[PDB]
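Note: the block below is my_file_39.cif and it holds mmCIF, C-alpha atoms.
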```cif
data_coords
#
loop_
_atom_site.label_atom_id
_atom_site.label_comp_id
_atom_site.auth_asym_id
_atom_site.auth_seq_id
_atom_site.Cartn_x
_atom_site.Cartn_y
_atom_site.Cartn_z
CA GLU A 44 8.09 38.23 -23.41
CA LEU A 45 10.11 36.68 -20.48
CA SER A 46 12.73 34.05 -21.12
CA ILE A 47 12.80 30.36 -20.19
CA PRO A 48 16.07 30.86 -18.28
CA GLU A 49 14.87 33.74 -16.09
CA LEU A 50 11.47 32.17 -15.59
CA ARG A 51 13.20 28.88 -14.48
CA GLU A 52 15.52 30.83 -12.21
CA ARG A 53 12.37 32.17 -10.45
CA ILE A 54 11.30 28.59 -9.83
CA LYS A 55 14.77 28.03 -8.21
CA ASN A 56 13.89 31.07 -5.98
CA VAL A 57 10.37 30.06 -5.06
CA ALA A 58 11.78 26.61 -4.37
CA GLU A 59 14.36 28.06 -1.94
CA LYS A 60 11.61 29.84 0.08
CA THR A 61 9.12 26.94 0.11
CA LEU A 62 11.83 24.29 0.46
CA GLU A 63 9.83 22.50 -2.27
CA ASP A 64 11.06 21.83 -5.78
CA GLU A 65 8.86 21.32 -8.80
CA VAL A 66 7.71 17.72 -8.92
CA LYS A 67 8.51 15.87 -12.19
CA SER A 68 7.28 12.31 -11.66
CA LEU A 69 3.61 12.77 -10.67
CA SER A 70 1.01 15.53 -10.45
CA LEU A 71 0.73 17.01 -6.94
CA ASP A 72 -2.77 15.69 -6.43
CA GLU A 73 -1.22 12.30 -6.79
CA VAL A 74 0.96 12.22 -3.69
CA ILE A 75 -0.67 10.94 -0.55
CA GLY A 76 -0.27 13.41 2.22
CA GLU A 77 0.74 17.04 2.25
CA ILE A 78 4.22 17.91 1.06
CA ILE A 79 6.27 19.94 3.51
CA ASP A 80 9.73 19.73 2.00
CA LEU A 81 10.81 18.29 -1.39
CA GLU A 82 14.42 18.50 -2.49
CA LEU A 83 14.81 16.33 -5.66
CA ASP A 84 17.13 13.30 -5.87
CA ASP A 85 17.66 14.05 -2.14
CA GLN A 86 14.97 14.28 0.61
CA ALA A 87 11.32 15.06 1.16
CA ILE A 88 8.81 15.28 4.01
CA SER A 89 5.01 14.79 3.91
CA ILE A 90 2.29 14.89 6.54
CA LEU A 91 -0.90 12.84 6.41
CA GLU A 92 -3.82 13.40 8.78
CA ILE A 93 -5.48 10.08 9.61
CA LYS A 94 -9.19 10.72 9.22
CA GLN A 95 -12.12 8.30 9.69
CA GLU A 96 -11.94 7.25 6.10
CA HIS A 97 -8.38 5.99 6.53
CA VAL A 98 -8.91 3.81 9.58
CA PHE A 99 -10.60 0.40 10.32
CA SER A 100 -14.15 0.59 11.76
CA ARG A 101 -13.65 -1.83 14.69
CA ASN A 102 -10.82 0.15 16.27
CA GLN A 103 -9.77 3.30 14.42
CA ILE A 104 -6.37 1.85 13.55
CA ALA A 105 -5.01 3.22 10.20
CA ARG A 106 -4.88 0.87 7.27
CA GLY A 107 -1.40 -0.11 6.31
CA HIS A 108 -1.94 0.82 2.73
CA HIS A 109 -2.38 4.55 3.53
CA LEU A 110 0.78 4.55 5.54
CA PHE A 111 2.39 2.87 2.52
CA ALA A 112 0.75 5.17 -0.04
CA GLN A 113 2.18 8.09 1.90
CA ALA A 114 5.74 6.70 1.88
CA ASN A 115 5.54 5.29 -1.59
CA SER A 116 4.23 8.34 -3.26
CA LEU A 117 6.98 10.33 -1.51
CA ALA A 118 9.76 8.05 -2.71
CA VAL A 119 8.24 8.69 -6.09
CA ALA A 120 8.06 12.44 -5.85
CA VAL A 121 11.75 12.85 -4.70
CA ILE A 122 12.99 11.25 -7.85
CA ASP A 123 14.17 13.92 -10.27
CA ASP A 124 12.89 12.36 -13.51
CA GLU A 125 9.56 12.39 -15.32
CA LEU A 126 9.26 8.69 -14.82
CA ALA A 127 9.92 6.92 -11.55
CA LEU A 128 8.15 3.61 -10.63
CA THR A 129 8.47 1.46 -7.52
CA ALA A 130 10.25 -1.80 -8.29
CA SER A 131 10.33 -3.18 -4.84
CA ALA A 132 10.02 -2.16 -1.28
CA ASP A 133 10.71 -3.70 2.02
CA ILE A 134 8.69 -2.20 4.86
CA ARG A 135 7.99 -2.51 8.57
CA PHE A 136 4.88 -1.41 10.51
CA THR A 137 6.18 -0.60 13.96
CA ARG A 138 3.46 1.19 15.97
CA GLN A 139 -0.26 1.27 15.28
CA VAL A 140 -1.41 4.65 14.02
CA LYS A 141 -4.71 5.89 15.40
CA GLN A 142 -7.42 8.00 13.72
CA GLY A 143 -6.86 11.64 14.47
CA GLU A 144 -3.03 11.43 14.40
CA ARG A 145 -0.74 13.14 11.84
CA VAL A 146 1.83 10.88 10.25
CA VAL A 147 5.02 12.75 9.29
CA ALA A 148 6.96 10.84 6.55
CA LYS A 149 10.64 11.49 5.95
CA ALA A 150 12.26 10.25 2.68
CA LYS A 151 16.06 10.17 2.17
CA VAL A 152 17.52 9.22 -1.21
CA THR A 153 20.32 6.96 -0.17
CA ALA A 154 21.74 5.76 -3.51
CA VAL A 155 21.32 6.94 -7.10
CA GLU A 156 22.39 5.11 -10.25
CA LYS A 157 21.00 7.09 -13.25
CA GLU A 158 23.43 4.85 -15.16
CA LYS A 159 21.89 1.35 -14.37
CA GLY A 160 18.35 2.89 -14.39
CA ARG A 161 17.51 2.86 -10.61
CA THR A 162 17.58 4.71 -7.19
CA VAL A 163 17.06 3.78 -3.49
CA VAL A 164 14.77 5.82 -1.18
CA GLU A 165 14.39 5.22 2.56
CA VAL A 166 11.21 6.44 4.23
CA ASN A 167 10.61 6.72 7.94
CA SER A 168 7.27 7.92 9.27
CA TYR A 169 6.48 9.31 12.71
CA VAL A 170 3.63 10.14 14.99
CA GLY A 171 5.12 12.89 17.03
CA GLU A 172 8.42 11.38 17.90
CA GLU A 173 7.86 7.68 17.31
CA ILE A 174 8.52 5.55 14.23
CA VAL A 175 5.31 3.96 13.10
CA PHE A 176 6.58 2.90 9.67
CA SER A 177 9.83 2.52 7.75
CA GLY A 178 10.73 1.15 4.34
CA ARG A 179 13.43 0.86 1.70
CA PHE A 180 12.18 1.49 -1.73
CA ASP A 181 13.82 0.47 -5.04
CA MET A 182 12.76 3.00 -7.53
CA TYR A 183 13.04 2.67 -11.25
CA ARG A 184 13.65 5.75 -13.36
CA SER A 185 14.32 7.38 -16.72
CA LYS A 186 12.77 9.03 -19.81
CA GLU B 44 -36.48 -39.48 3.90
CA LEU B 45 -35.61 -37.41 7.07
CA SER B 46 -38.06 -35.03 8.66
CA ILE B 47 -38.19 -31.27 8.88
CA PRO B 48 -36.78 -31.46 12.45
CA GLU B 49 -33.69 -33.32 11.11
CA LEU B 50 -33.34 -31.34 7.89
CA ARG B 51 -33.34 -28.16 10.01
CA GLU B 52 -30.76 -29.74 12.43
CA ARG B 53 -28.44 -30.09 9.47
CA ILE B 54 -29.19 -26.46 8.28
CA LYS B 55 -28.32 -24.90 11.67
CA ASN B 56 -25.01 -26.88 11.65
CA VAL B 57 -24.09 -25.71 8.18
CA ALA B 58 -25.24 -22.13 8.99
CA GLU B 59 -22.81 -22.33 11.89
CA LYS B 60 -19.81 -23.68 9.85
CA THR B 61 -20.55 -20.77 7.48
CA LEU B 62 -20.10 -18.34 10.43
CA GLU B 63 -16.98 -20.26 11.48
CA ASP B 64 -15.62 -19.71 7.86
CA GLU B 65 -16.51 -16.08 7.36
CA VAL B 66 -13.92 -13.34 7.54
CA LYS B 67 -13.02 -12.38 11.18
CA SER B 68 -10.12 -9.88 10.89
CA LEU B 69 -11.93 -7.02 9.13
CA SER B 70 -15.35 -6.52 7.53
CA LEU B 71 -15.62 -7.21 3.80
CA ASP B 72 -16.25 -3.65 2.57
CA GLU B 73 -12.80 -3.01 4.20
CA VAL B 74 -11.14 -5.63 1.90
CA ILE B 75 -9.81 -4.12 -1.28
CA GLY B 76 -11.02 -6.14 -4.26
CA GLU B 77 -13.97 -8.56 -4.44
CA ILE B 78 -13.17 -11.84 -2.74
CA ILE B 79 -13.74 -14.87 -4.95
CA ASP B 80 -12.66 -17.48 -2.41
CA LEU B 81 -11.64 -17.38 1.27
CA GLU B 82 -10.41 -20.37 3.31
CA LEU B 83 -9.09 -19.19 6.61
CA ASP B 84 -5.53 -19.66 7.77
CA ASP B 85 -5.02 -21.15 4.34
CA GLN B 86 -5.64 -19.41 0.98
CA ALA B 87 -7.81 -16.74 -0.61
CA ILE B 88 -8.40 -14.95 -3.90
CA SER B 89 -9.64 -11.40 -4.72
CA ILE B 90 -10.14 -9.59 -8.06
CA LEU B 91 -9.87 -5.86 -8.40
CA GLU B 92 -10.67 -3.89 -11.52
CA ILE B 93 -8.49 -0.95 -12.12
CA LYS B 94 -10.66 2.02 -12.67
CA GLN B 95 -9.75 5.61 -13.34
CA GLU B 96 -9.12 6.57 -9.74
CA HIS B 97 -6.70 3.68 -9.28
CA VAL B 98 -4.35 5.16 -11.82
CA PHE B 99 -1.83 7.98 -12.65
CA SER B 100 -3.44 10.53 -14.97
CA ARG B 101 -0.23 10.87 -16.95
CA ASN B 102 -0.38 7.34 -18.40
CA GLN B 103 -3.21 5.16 -16.94
CA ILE B 104 -0.86 3.08 -14.75
CA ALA B 105 -2.10 1.67 -11.46
CA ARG B 106 -0.76 3.12 -8.27
CA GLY B 107 1.32 0.66 -6.36
CA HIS B 108 -0.61 1.38 -3.16
CA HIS B 109 -3.79 -0.05 -4.73
CA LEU B 110 -2.03 -3.23 -5.70
CA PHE B 111 -0.60 -3.35 -2.18
CA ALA B 112 -3.93 -2.64 -0.60
CA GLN B 113 -5.46 -5.61 -2.42
CA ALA B 114 -2.80 -8.03 -1.21
CA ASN B 115 -2.33 -6.65 2.27
CA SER B 116 -6.05 -6.57 2.93
CA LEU B 117 -6.34 -10.12 1.67
CA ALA B 118 -3.42 -11.21 3.82
CA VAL B 119 -5.43 -9.80 6.69
CA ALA B 120 -8.65 -11.45 5.65
CA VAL B 121 -7.23 -15.03 5.59
CA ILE B 122 -6.09 -14.84 9.17
CA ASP B 123 -8.56 -16.58 11.48
CA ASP B 124 -8.45 -13.95 14.25
CA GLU B 125 -10.49 -10.97 15.44
CA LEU B 126 -7.28 -9.02 15.36
CA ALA B 127 -4.62 -9.48 12.69
CA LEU B 128 -2.13 -6.72 11.68
CA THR B 129 0.60 -6.53 9.13
CA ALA B 130 3.95 -6.35 10.88
CA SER B 131 6.11 -6.29 7.78
CA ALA B 132 6.24 -6.93 4.09
CA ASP B 133 8.63 -7.56 1.25
CA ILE B 134 7.04 -6.59 -2.03
CA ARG B 135 7.85 -6.62 -5.71
CA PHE B 136 6.09 -4.77 -8.53
CA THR B 137 6.77 -7.00 -11.51
CA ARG B 138 4.76 -5.46 -14.33
CA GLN B 139 2.88 -2.22 -14.96
CA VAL B 140 -0.87 -2.56 -14.66
CA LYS B 141 -2.93 -0.33 -16.91
CA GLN B 142 -6.41 0.97 -16.20
CA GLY B 143 -9.10 -1.36 -17.36
CA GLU B 144 -7.22 -4.46 -16.20
CA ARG B 145 -8.59 -6.81 -13.57
CA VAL B 146 -6.07 -7.87 -11.00
CA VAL B 147 -6.39 -11.32 -9.46
CA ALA B 148 -4.59 -11.57 -6.10
CA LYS B 149 -3.84 -15.09 -4.93
CA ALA B 150 -2.84 -15.47 -1.24
CA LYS B 151 -1.57 -18.68 0.48
CA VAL B 152 -0.62 -19.04 4.14
CA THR B 153 2.85 -20.56 3.85
CA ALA B 154 4.14 -20.75 7.42
CA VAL B 155 3.95 -19.75 11.04
CA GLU B 156 7.24 -18.59 12.47
CA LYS B 157 8.55 -19.70 15.87
CA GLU B 158 10.42 -16.36 16.53
CA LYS B 159 7.95 -13.54 17.25
CA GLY B 160 5.10 -16.08 16.39
CA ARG B 161 4.09 -14.57 12.98
CA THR B 162 1.94 -16.02 10.26
CA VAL B 163 3.62 -15.78 6.88
CA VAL B 164 1.24 -15.11 3.97
CA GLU B 165 2.62 -15.05 0.42
CA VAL B 166 0.54 -13.22 -2.19
CA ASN B 167 0.92 -13.04 -5.92
CA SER B 168 -1.24 -11.08 -8.28
CA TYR B 169 -1.83 -11.73 -11.99
CA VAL B 170 -3.39 -10.01 -14.98
CA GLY B 171 -4.05 -12.82 -17.28
CA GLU B 172 -1.55 -15.38 -16.27
CA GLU B 173 1.36 -12.93 -15.80
CA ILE B 174 2.52 -11.69 -12.38
CA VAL B 175 2.15 -8.01 -11.73
CA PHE B 176 2.81 -8.11 -7.96
CA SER B 177 4.22 -10.36 -5.34
CA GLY B 178 4.68 -10.00 -1.64
CA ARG B 179 5.60 -11.80 1.51
CA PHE B 180 3.70 -10.57 4.50
CA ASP B 181 4.40 -11.30 8.18
CA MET B 182 1.09 -10.98 9.95
CA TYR B 183 0.52 -10.63 13.69
CA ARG B 184 -2.62 -11.90 15.72
CA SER B 185 -3.60 -13.16 19.39
CA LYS B 186 -2.43 -16.80 19.56
#
```

Rewrite the coordinates I just gave you, this time as structure tokens.
Amino acid sequence: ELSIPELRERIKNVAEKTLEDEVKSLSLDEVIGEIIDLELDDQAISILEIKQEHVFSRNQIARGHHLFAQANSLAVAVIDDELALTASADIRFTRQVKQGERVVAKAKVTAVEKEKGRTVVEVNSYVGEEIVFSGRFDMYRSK
Amino acid sequence: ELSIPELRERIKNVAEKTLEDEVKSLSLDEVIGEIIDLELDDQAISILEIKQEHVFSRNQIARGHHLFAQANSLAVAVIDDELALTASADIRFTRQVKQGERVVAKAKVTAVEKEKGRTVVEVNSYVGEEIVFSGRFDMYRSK
């Protein structure tokens, strides 16, 4: 016996303390890396710890696809919609990440167009204070 | 005709060209997808079946990072070098892949680029004969 307004208004409140909205596009499991901040149609931050199972055996350099998975899944989670899919992306690998490091990914939503079905998300990822990865992502949306 | 000395001569030579033609840039368990064909600095093909863990639980769609991992790791494998890293990529997700599909990734080395000496690998992936992914990868090496 508690209403769907006042319940939802408690999510608004939890979301203001955790700086993390409810995700609509994927289950939380499904994002690569640990969400730190998630403000829908706007910005999000995640942090991935590069463990042995993420890195090449010869040299403990992280595989590009986990760096990408991190950014990609973030550009998905920021989208306020139950269905967002990556259309394209254009991405740069700028500094080798080593096993043991924490990659902090920072997504900004830099253009929405709910109208013509799409949205642009820029991700930059850091190890401490250095960019190791950046990409622009063309997201699709709607349901 | 020929003796076991000469037959074995031939076998050691072929055993050596086989070493010359094997993957150098990573080990094969590190390549995403099963390689069907690999011809260094030239072309290669890998198939990847899309199992449950490759896929969003909402709707059995493949995660883009799996598609990307297949192509990226294959773009690494074709490079004839102990070290080869992806510097950058432009990618396009052209069609949703559903769990239970096999994805055939087809990679050709299309150029080497005079500015910052990169090798350009294009990769396109099909399910059936329709494109689900394409990407242009600038790879780095030691040459």

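Matched residue by residue, the Cα atoms of chain A sit on those of chain B with an RMSD of 4.8 Å after a least-squares fit.
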
(message) My list of candidates is B:46, B:131, B:61, B:142. Which is closest to chain A when distances are computed with all atoms listed in the file?
(response)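 Once distances to chain A are computed over all atoms listed in the file, the minimum belongs to B:131.
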
(request) Return the neighbours of chain A among the residues of chain B, cut-off 10 Å, counting all atoms listed in the file, as a PyMOL selection string. (result) chain B and resi 68-70+73+98-101+104+106-116+125-126+128-139+176-181

(request) Using all atoms listed in the file, pick whichever of A:60, A:67, A:151, A:145 has the shortest atom-to-atom distance to residue 88 in chain A. (result) A:151

(request) Take CA of residue 171 in chain B and CA of residue 150 in chain B and report the distance between them in Å, one decimal. (result)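 Distance between the two atoms: 16.3 Å.
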
(request) Find the residues around range 78-86 of chain A up to 12 Å (only C-alpha atoms counted), leave out those fewer than 4 positions away in its own chain, and share them as a PyMOL selection string. (result) chain A and resi 55+58-68+71-74+90-91+113-114+116-125+127+146-157+161-167+182+184

(request) Would you work out the distance separating CA of residue 160 in chain B from CA of residue 186 in chain B, expressed in Å to one decimal? (result)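 Distance reported for this atom pair: 8.2 Å.
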
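One finds CA of residue 183 in chain A at 23.3 Å from CA of residue 143 in chain B.
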